[PDB]
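The lines below spell out each chain.
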Amino acid sequence: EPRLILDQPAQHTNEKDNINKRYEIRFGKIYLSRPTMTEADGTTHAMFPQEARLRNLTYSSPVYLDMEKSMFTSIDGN
Amino acid sequence: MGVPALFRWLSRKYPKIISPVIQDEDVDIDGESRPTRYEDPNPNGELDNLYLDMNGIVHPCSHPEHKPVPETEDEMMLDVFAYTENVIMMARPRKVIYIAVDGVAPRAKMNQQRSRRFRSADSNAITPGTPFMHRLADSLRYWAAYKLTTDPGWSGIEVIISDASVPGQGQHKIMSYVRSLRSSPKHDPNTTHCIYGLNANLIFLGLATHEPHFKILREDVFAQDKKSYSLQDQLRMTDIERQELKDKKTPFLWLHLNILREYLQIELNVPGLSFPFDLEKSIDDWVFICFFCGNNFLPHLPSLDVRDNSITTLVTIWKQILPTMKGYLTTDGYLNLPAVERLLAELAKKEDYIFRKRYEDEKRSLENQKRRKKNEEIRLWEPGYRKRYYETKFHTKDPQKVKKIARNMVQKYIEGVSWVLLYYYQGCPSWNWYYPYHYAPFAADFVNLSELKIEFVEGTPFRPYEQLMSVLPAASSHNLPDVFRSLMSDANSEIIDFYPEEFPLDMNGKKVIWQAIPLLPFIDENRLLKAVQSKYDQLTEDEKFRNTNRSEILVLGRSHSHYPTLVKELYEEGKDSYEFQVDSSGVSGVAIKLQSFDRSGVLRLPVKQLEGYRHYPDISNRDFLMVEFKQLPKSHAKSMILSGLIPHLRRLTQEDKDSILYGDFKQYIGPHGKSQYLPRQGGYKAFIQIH
Amino acid sequence: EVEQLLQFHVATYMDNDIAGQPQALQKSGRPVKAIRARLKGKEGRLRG
Amino acid sequence: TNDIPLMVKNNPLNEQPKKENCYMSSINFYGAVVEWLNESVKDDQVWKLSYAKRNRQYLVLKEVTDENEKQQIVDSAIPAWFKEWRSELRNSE
Amino acid sequence: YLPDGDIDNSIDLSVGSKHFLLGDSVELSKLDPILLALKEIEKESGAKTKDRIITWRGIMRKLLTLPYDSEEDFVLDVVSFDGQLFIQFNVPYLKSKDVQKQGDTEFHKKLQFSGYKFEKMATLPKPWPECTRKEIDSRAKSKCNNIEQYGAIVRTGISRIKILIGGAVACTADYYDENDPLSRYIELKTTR
Amino acid sequence: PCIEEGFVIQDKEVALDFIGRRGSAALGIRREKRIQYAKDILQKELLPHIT
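Quick notes on the rules
- Residue labels used throughout are counted from 1 along each chain in written sequence order rather than taken from the entry, whose numbering may differ, and residues without coordinates are not included.
- In the order they appear in the text, chains get letters beginning with A and ligands get numbers beginning with 1.
- Shown here is not the whole assembly but part of a larger one, and the values apply to the part shown.
- Calculated side-chain values reflect all of the structure's heavy atoms, with hydrogen atoms and water omitted.
- We count a stretch as a helix when DSSP gives it H or I for four or more residues in a row; a strand needs E for two or more, and each element gets its number in order from the N terminus.
- Each radius of gyration is computed over the set of C-alpha atoms, and the globule rule expresses the reference value as 2.2 Å times the number of residues to the power 0.38.
- Any residue under 20% of the maximum accessible area for its type is buried, any over 50% is exposed, and the rest in between are partly exposed; the area is computed with a 1.4 Å probe on protein chains only.
- Residue exposure ignores everything except the shown protein chains as possible cover, and the areas themselves are Shrake-Rupley values with a 1.4 Å probe.
- The positive count covers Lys and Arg only, the negative count covers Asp and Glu only, and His and the chain ends enter neither.
- Where a charge lies is defined by one atom per residue type, namely NZ (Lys), CZ (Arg), CG (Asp) and CD (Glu).
- Only strands joined by at least two bridges in the DSSP assignment are considered to pair.
- Simply put, an axis is a line fit to the C-alpha atoms, just over the touching stretch for a helix, and the angle between two N-to-C directions goes from 0 to 180 degrees.
- It only takes one pair of heavy atoms within 4.5 Å for two residues to be counted as in contact.
- Note on definitions: buried area is the accessible-area loss of two parts on being combined, 1.4 Å probe, summed for both.
- Salt bridges, as used here, are contacts in which a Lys or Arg side-chain nitrogen is within 4 Å of a carboxyl oxygen on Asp or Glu.
- Pairs of N or O atoms within 3.5 Å make up the polar contacts considered here, provided that, within protein, one atom can donate a hydrogen while the other can accept it, and that residues adjacent in sequence are counted only when both atoms are side-chain atoms.
- Any residue outside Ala, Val, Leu, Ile, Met, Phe, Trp, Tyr, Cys, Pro, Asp, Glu, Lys and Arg is labelled polar, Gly included; the first ten of those are nonpolar and the last four are charged.
- Here a cavity denotes a set of grid points, spaced 1 Å apart and computed over the protein atoms alone, in which a 1.4 Å probe fits but from which it cannot get out, and a pocket denotes an open set meeting protein on both sides within 12 Å along at least five of seven lines; residues with an atom within 4 Å of a point are reported as lining.
- Grid points are joined across faces, edges and corners, and a volume is the space filled by probe spheres set on the points.
- In this description, a nonpolar core means a group of buried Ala, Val, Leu, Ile, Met, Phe, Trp, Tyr and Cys residues linked to one another through side-chain atoms lying within 4.5 Å.
- Helix span, as expected, comes to 1.5 Å for every residue beyond the first.
- Aromatic pairing here means that ring centres of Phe, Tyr or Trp (its six-membered ring) are within 6.5 Å. Orientation follows from the plane angle: under 30 degrees is stacked, over 60 is edge-to-face, and everything else is tilted.

- Structure determination for this entry, per the PDB record, employed cryo-EM and reached 3.4 Å resolution.

### Notes on the overall build of chain A
Okay, so step 1: Scanning chain A for helices and strands turns up 1 helix and 5 strands.
Okay, so step 2: Ordered by position in the sequence, the α and β elements of chain A form the string β-β-β-β-α-β.
Okay, so step 3: Taking 2.2 N^0.38 as the reference for a compact globule, 78 residues should give roughly 12 Å; the C-alpha atoms of chain A span a radius of gyration of 22 Å, well beyond that estimate.
Okay, so step 4: Counting only C-alpha atoms, chain A reaches 65 × 25 × 15 Å along its principal axes.
Okay, so step 5: Going through the 78 residues of chain A one by one, you find that 9% of them count as buried.
Okay, so step 6: Of the roughly 6800 Å² that chain A leaves accessible, carbon and sulfur atoms contribute 54%.
Okay, so step 7: Charge separation in chain A, taken as the distance between the mean sites of 10 positive and 11 negative side-chain charges, equals 5 Å.

### Quick word on the sheet that holds strand β4 (residues 151-158) of chain E
Okay, so step 1: What the 7 strands build is an open sheet, ordered β2(D)-β1(D)-β2(E)-β3(E)-β1(E)-β5(E)-β4(E); its pairing is mixed. Looking along the sheet, the strands with just one partner apiece sit at the ends: β2 (60-63) of chain D together with β4 of chain E. Along the sheet, successive strands turn relative to each other by an average axial angle of 25°, direction set aside.
Okay, so step 2: Sheet topology note: the strand β2 (residues 74-81) of chain E/strand β3 (residues 84-89) of chain E ladder contains 6 bridges and is antiparallel. When the sheet's bridge partners are listed, E:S80 is paired in β3(E) with E:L85.

### Here we look at the interface of chain D and chain E
Okay, so step 1: Contacts between chain D and chain E engage 41 residues on the former and 43 residues on the latter.
Okay, so step 2: With both chains or domains summed, chain D and chain E bury close to 4100 Å², and 65% of this area falls on carbon and sulfur atoms.
Okay, so step 3: Three residues, D:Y30, D:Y51 and D:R86, lead the burial of chain D against chain E; their summed loss comes to 18% of the area buried on that side.
Okay, so step 4: Remark: the boundary between chain D and chain E carries 1 salt bridge.
Okay, so step 5: Salt-bridge contacts for E:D82 lead to D:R86; the nearest nitrogen and oxygen are separated by 2.4 Å.
Okay, so step 6: The interface formed by chain D and chain E includes 14 residue pairs in polar contact.
Okay, so step 7: Where the side of chain D that touches chain E is concerned, the elements lending two or more residues are α2 (22-40), β1 (46-51), α3 (67-77) and α4 (80-92) of chain D.
Okay, so step 8: If you tally residues by element for the side of chain D that touches chain E, the top one is α2(D), at 12 residues.
Okay, so step 9: Of the residues in the side of chain D that touches chain E, the class split is 23 nonpolar, 7 polar and 11 charged.

### Overview of the sheet that holds strand β9 (residues 252-256) of chain B
Residue and element names in this part refer to chain B.
Okay, so step 1: Taken together, the 11 strands give an open sheet; going across it, the order is β1-β9-β8-β7-β4-β5-β6-β12-β17-β14-β13, and neighbouring strands pair in mixed fashion. Lying at the two open borders of the sheet, with one neighbouring strand each, are β1 (18-19) and β13 (577-579).
Okay, so step 2: By the bridge criterion, 3 bridges tie strand β6 (residues 158-162) to strand β12 (residues 552-557) in an arrangement that is antiparallel. When the bridges of β12 are listed, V159 appears paired with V555.

### Looking at empty space enclosed by the protein
All names here are of chain B.
Okay, so step 1: One number sums up the size of the largest cavity: a volume of about 160 Å³.
Okay, so step 2: Around the largest cavity, the lining comprises 14 residues; the ones closest to its centre are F288, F292, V340, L344 and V417.
Okay, so step 3: Listed by contribution, the elements that provide at least two residues to the lining of the largest cavity are α8 (279-293), α10 (337-372) and α12 (399-425).
Okay, so step 4: Examining the composition of the lining of the largest cavity, we find that 4 residues originate from one element, α12, more than from any other.
Okay, so step 5: There is about 100 Å³ of room inside the second largest cavity.
Okay, so step 6: Lining the second largest cavity are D284, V287, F288, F291, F292, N295, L298, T330, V417, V420, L421 and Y425.
Okay, so step 7: Looking at the lining of the second largest cavity, the elements with two or more residues in it are α8 and α12.
Okay, so step 8: At 5 residues, α8 tops the list of elements feeding residues into the lining of the second largest cavity.
Okay, so step 9: When the residues that make up the lining of the second largest cavity are grouped by side-chain class, the tally is 9 nonpolar, 2 polar and 1 charged.

### Description of the nonpolar core
As a rule of thumb, soluble globular proteins bury nonpolar side chains together.
Okay, so step 1: If you look at the biggest cluster of nonpolar residues, it comprises 162 residues, and the most contacted ones within it are B:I203, B:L217, B:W286 and B:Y413.
Okay, so step 2: At 13 residues, α12(B) tops the list of elements feeding residues into this core.

### Here's the deal with helix α3 (residues 107-120) of chain B
Residue and element names in this part refer to chain B.
Okay, so step 1: Across its 14 residues, α3 extends 19 Å between first and last C-alpha, which sits within 8% of the 20 Å expected from 1.5 Å per residue.
Okay, so step 2: Counting buried positions along α3 gives 10 out of 14 residues, so the element sits mostly inside the fold.
Okay, so step 3: Among the residues making up α3, those that are buried are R107, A108, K109, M110, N111, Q112, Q113, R114, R117 and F118.
Okay, so step 4: For α3, the elements touching its buried residues are α12 and α13 (464-471).

### Looking at the pattern of salt bridges
Okay, so step 1: For the structure on display, the rule yields 39 salt bridges over all chains.
Okay, so step 2: In this structure, the salt-bridge partner of B:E241 is B:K227, at a minimum N-O distance of 2.8 Å. Taken together, the residues B:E241 in the loop between β8 (214-219) and β9 and B:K227 in the loop between β8 and β9 connect sequence positions 14 residues apart.
Okay, so step 3: Assessed through its relative accessible area of 49%, B:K227 is described here as partly exposed.
Okay, so step 4: Salt bridges here are not isolated pairs; linked through shared partners, they connect A:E39, A:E51 and A:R55.

### Quick notes on the side chain of B:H172
Okay, so step 1: Examined against the element boundaries, B:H172 turns out to sit in helix α5 (residues 170-183).
Okay, so step 2: If we skip the residues at most four places from it in the chain, B:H172 touches B:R179, B:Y423, B:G427 and B:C428.

### Some details on the interface of chain B and chain F
Okay, so step 1: Tallying the contact residues gives 14 residues for chain B and 11 residues for chain F.
Okay, so step 2: A buried area of about 1000 Å², summed over both sides, lies between chain B and chain F, and 55% of it is on carbon and sulfur atoms.
Okay, so step 3: Looking only at chain B, the three residues that lose the most surface to chain F are B:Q654, B:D658 and B:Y662, adding up to 47% of its buried area.
Okay, so step 4: Taken together, chain B and chain F are joined by 1 salt bridge.
Okay, so step 5: Residue F:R22 pairs with B:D658 through a salt bridge whose shortest N-O separation is 2.3 Å.
Okay, so step 6: Scanning the region where chain B abuts chain F turns up 2 residue pairs in polar contact.

### Considerations on the environment of E:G166
Okay, so step 1: Mapped onto the elements, E:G166 comes out in strand β5 (residues 161-168).
Okay, so step 2: Residues in contact with E:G166, not counting those within four places in the same chain, are E:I34, E:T55, E:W56, E:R57 and E:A152.

### Quick look at the packing of aromatic side chains
All names here are of chain B.
Okay, so step 1: Tallied over the entire structure, the rule returns 46 aromatic pairs over all chains.
Okay, so step 2: With a centroid separation of 5.6 Å and 80° between ring planes, the pair formed by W9 and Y14 is classed as edge-to-face.
Okay, so step 3: The buried category is assigned to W9, whose relative accessible area is 7%.
Okay, so step 4: Taken together, a centroid distance of 6.3 Å and an interplanar angle of 70° make the contact between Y413 and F446 edge-to-face. Highlighted residues: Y413 in helix α12 and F446 in the loop between α12 and α13, separated in sequence by 33 residues.
Okay, so step 5: Assessed through its relative accessible area of 2%, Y413 is described here as buried.

See below:
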C-alpha cells in the first residue's frame, strides 16, 4: 500500500473555483540501523545483548521509513 | 356467493398461514380435570380485541348439516348462548368483545343482500326490523349482563352491542369502530384483533385495517367427515369418532394476516421501478385487484374468473406494467386514473388471448367430461362477441346508443369501485348510491378515464320497514308487516311491479345456479318511498319502535375500574355527556347517561329457561352498568402503518421465499422483539448481532 | 434536605450499586465497598 | 434513555473498556457544575465562563467590569420590556 | 412518524441543500422565550418563583459532555438579576464562531442539511390523524431552516437547585400529554 | 441429481440474485445492487489465491 491520498477537487469555500488540491503520502526505502539504546538522559549509544540482559532492556533496532509528502495541483519527509 | 376457493387458493399458494387451533380441553393439573377458567392462560396466544360477527353464529341456514330445528325461540337463544361461550372460551380475549349485529347498510350492499334474500327465500327470520331480531337484541343484552356479573374473569371486559336497529353492515361496523380508534392519537398500535367470521373477504378487510397484528378464526372446512347415521350408534367410538356436529369438538383454523403481509411484501417487489416500492401501497393495490376480480358490491366481470386464477393473472399484469408507471394505481382510498387506465389497457390487449384460451379450455373440459362419464349462441371465441352480447342484453341496435351506454358503464363502474374503496378505508361515503346495471363492462371500454367525473350523495339510512319490504320477497310475507303487505303482494298496489312472482333467470354461461345472475328490475326509490310513507301512518306503537334506528349500547361490569368514574360523573354531577378518548380498556367515544336504565331495577331473562341448560338466575341492575355509546367524529384515515408498530417473528426461512419467486407455532402471533425497526447493514444493533 | 443527605450517606454505606444515583466513590476513584457487596459476588464472602 | 447506560456497558464486543462508568461521572460533573454556578455567582453580578480546549484541565470563571459590555450583555439577555415588567413586579413587592 | 419500510426507498439526504436556510446565531441565542414564559407564570401566580438557574438545553449539554466531548470551544455569559442567574452565549465569541463557520466546506453544510432533512422527513406538523397526504409526501421538497423551532420550558431539580431549562423538542411520540408532557417526547439524530 | 435440482436457475443474472439473497448482510438491497454484491463475493473472498 504505497500511497495515501487526500483530495479536495473544487468548491472548498470557493466562488466556483476549480483546483484539485491533493496531498499524497508515498512510502519509500526502509532503513535498518544497528541496535542502539537511548539513555533516559537523551544520549544514544550502541547496545549489545549482554547489556540488554543485565539492564532488562530489549535488543531492538530502530526502523526508518521514507514518507514523502507530494503536493498535486492540476485540474483534470526524509 | 363467496368462494372458499379463495381459501383454497391461499392454502395452495401460501400454506404457512394455516394453524389448526389447539382445542381448549379441560386442563388436567395434578389429576384435577379443571374446566378451562376464562382467567387461565391461553395455549393459543393471548388476544386483546375480539369482534364477533353474529351473522356467522346466529344464522342456522349457514350450517344446515346438523338439525338445530328450534321449535321455540328459547332453544335458539340458548344454543346461540352456548356457541358464544364455546367460541369465547377457545379464543379468550382480554379487552373488548364487540358483539356486532347486522343493521342497515348502504344501498349497493342493500342490492347485494336483496339478491341474497330473494334467492334464499325460521331461517328467514334473521333480518333487522323483525320481532325475531327484537327478541335477539334483548336476549344478547341479558346474556352480556349475566356474563359480566357472574364470571369473575370478566371484570375488565366491556361489551359493545350494535343491535339490528343500529344501521350498518356487520363487518362494516367493526371497520368503522377500528377507524374511530385509529382517529384517536392515543390509540395503541400494537392492539391485536380477531374477527370470528366465515366470509373469506375478511382477509382483505384485515389488510384494509393496516394492522398487522390481526387474525381470523374460521371453521376447519377441510376436515369435516360429515355423517348422518343413527343417533345411538355413535356410542361405539369415544375418541376417534364422535358425532361431528353434536358430540365432537369441531376443529377450527386461524388465518394470520401478518404472514400474508410478509408474503405480499415478498412477491410484489417487482424489479426496475421508476418510483420507490412501498409495501403499504402495494398491499393496498393488491386488495384493490382482489376487489376488482369480484366482490359482493360490483357485478361479475366477464373476463376475470376467481377459480381460473384471474387474481394471479392480474398480479402478473401488475408485474409487467408497474415498471412503466410513475405511480401506484390507487392511494389511500382514491384512484389514480392514468395508472388504472394503463393496466386496463394492457388487460384489453390480453383480452383476445384470454378469450381464445378460455375457448380452448372450455372445449378441452367438455372433452374431459365426455370420457369421464337468452338464446346463448354468443360465441365469445368468434369475433363480434361484444356487439352480439349488447344486442342480446339490451335489444338496442343503435351503435351510438351502445357506445354511450358503454361510456356510462365505465363511468359508473369507476365511481362504484372508488365508492367501495372509500367504503372500506374511510367509512361509508354514501348511503344511497348503488350500481345501476346488472353487468360489468369490458376492459377495452376503459378509455379516457381522466375525463370522467366522480360524485356521491351521502343521504340517510333507509327505514327498517321500508328496507324489509324492499328485501322480503312475496314468499316470505310473514316477517313483513301486514300493513305493507297490500303494498307488496296485492295486484292493486302502485308498486306491485317491483315484486314479480316469476323473474327471468340468466345463467350467464355459468355452471351452477349458486353463481347465476338473478335478473331483477331495479327498485325505483321515489315512488316506493311515497307508497310506503302513504301507509306508514297505520303502524302501531310497537311497530314504529321496531322501525326506529337507535344508538350503540355499552355494558360494563360493576367491578370494572371505569365504572366508579362513570358513576361519579353521570349519576352524581348530572353531566349528560362524557368523552372517553383512550381508557384502560381501549374503548373511546361519547358516553350518554341512559334514563331508561334503572339503577335499582332487576334485569330478568327474556327466555323461558329449559332444564339442563345451566339455568340463568335473575340478577339486579345494581351489579353492572349500561350507557349509550357513540364513536369519535368521522375523519379521513390514511392507509399506512402507525408509529411504534412492533413486527412479529418471521415465519418464512429462505424456503418459501425462493419457491414463490422460482417455480402449535404460537410464537408468530405477538410482537416479537421490542423495537419497531429491525437491525440491518451497518447499524449498532446489526453490527453487534452479526459479530 | 440535610436529613436526605444523612439518608444518602447511610444508603451508600449499606448499598453500593444503587439504581439511578451515583455510588460512594473513594478518594482514589474506586467505589466504596458497601456491606451489601461483602456477601455477593466473587469478592463476596458467600462465594468464598 | 434509561437503558443506554446499561446497553453500552453490556456490549459483547468490549465487555471491559473501562472500570469507571462514564455516565454516572458525567452526571456527577453536571451536578458539580450546577452547584458551583449557584454558589459562586452572587447577586447583580455579570460573569463569563469560557472553556478552552487547549487546556482541558480546569474551568475558569471571570467577572465583567466594563459597564458598556456588561450593559450590552444584559440587554442581549434581559430585554428592556422584561426589565420594566420586573421593575413593576418589584414595586408591587 | 417514520415507518420501517421508508428506509428501503434509499432516500438521499442531500435533496435541496443548495437552498438551505440558516438563522442568526445571536438572535437564537437570546433568552427571550424563557423570560416571556417566566413573566407569564409570574403574572399568573403573582409570586416570585424559587428557580435559580435559567438556561438552554445545548448550553447545559456542553457543560455536561465537556470532559468526554472536548473538541469544541465555547464562551458563556451569566447575568444575575432578582436573585436569578441567566446564562447564554457570548456575542463576540459567537461572531468569531460564525467567522470560523463560513470557512466550513459544503460537505459539512450538506451533513447539517442532511440532519435537518431527516428531522423534516421523520416528523409531521400535526397529529397523525389530523395530517393530510400532501403534508406527508411533500416533505421531500420542504424547505429546511434553523429558525422555526418548538421548545419546552421545563422545571427540573438538582440537589437543592431548581433549574428552568428551555429544551428544543424535535417532536412528540404520538400526541401531547397535558399531565406528563415529558413522557411522550422524542428527538432525532443522524450518524455515519 | 445436482443437474436436475439446479433447474430453476437458468442464466447468470438469476444465479447472482440467488447467491446474493443468502449472502447474509442486510435486507431490501434488491437486485440492482444485490447482483453487484454477489459479483464482489464471487470475485474476492471466493478462491482468492487463484486470481
